[PDB]
């Protein structure tokens, strides 16, 4: 509940960090005990899947966030702060934190599955430029990637995707250009409106697997199945498009093979 507000700070700096809010959400939803029953039925009769857990956590975290946002809004308006700037700040916070929340939830799932990873580490492309490529996750480590890219997984994760899936194509290209075509680059989106073209385009242009929010999987696969063309390798796309829920065991499977 009640935040200490410091109005000398940018309003959103008064809002607890996303990791804290996720931890709050995890505690409030009893997610750890829920995670102990992954792939079993919950009391409502739904299978406890990583995608459902992620969605529930992302919603609860947002609710908690919104409470904090309200507190900050009220404080800052009481201080005379521009409403327009405040709302802009909040929207920008929501974008950043919405993404971060999903990323953090992803790591909580990696952790549960005992998957070794490194997060937001920069893969240098030019040794003389500090800036490089920063997959969301490198599994198991950047060391393993650099020594044998075929043995590591690079995962980029996005919540809503819009046209931004092309960023993943670009990242994959930069990395493939440097490290060769043996890298493994997986895309995760968490977007019910994820498009067939984006999936096929990615899979044809340097992305090895595409993971979709579970609720989009069936309809997406049905769209793929409606296509008929000798140059359309339907089975390739069907195999390489996966439910979000499957990624964790897929990673384990991969590591066991590589």
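Positions refer to the first chain, counted from 1.
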Mean C-alpha B-factor comparison - 62-70 and 38-46, higher one: 38-46
As the entry reports it, the stretch among 208-216 and 26-34 with higher mean C-alpha B factor is 26-34
From 148, 171, 103, 84, pick the one with the largest CA B-factor in the entry? 148
If you check the C-alpha B-factor for each of 166, 176, 160, 124 in the entry, which is highest? 124
Check where residue 117 lands among this chain's C-alpha B-factors and tell me if it's the lowest, middle or highest third. highest
Relative C-alpha B-factor of residue 191, binned into the chain's lowest, middle or highest third: lowest
Divide the modelled residues of the chain into thirds by Cα B-factor and specify which third, lowest, middle or highest, holds residue 98. lowest
Sorting the chain's modelled residues by C-alpha B-factor and splitting them into thirds places residue 129 in the highest
Comparing residue 57 with the other modelled residues of its chain, is its CA B-factor in the lowest, middle or highest third? middle
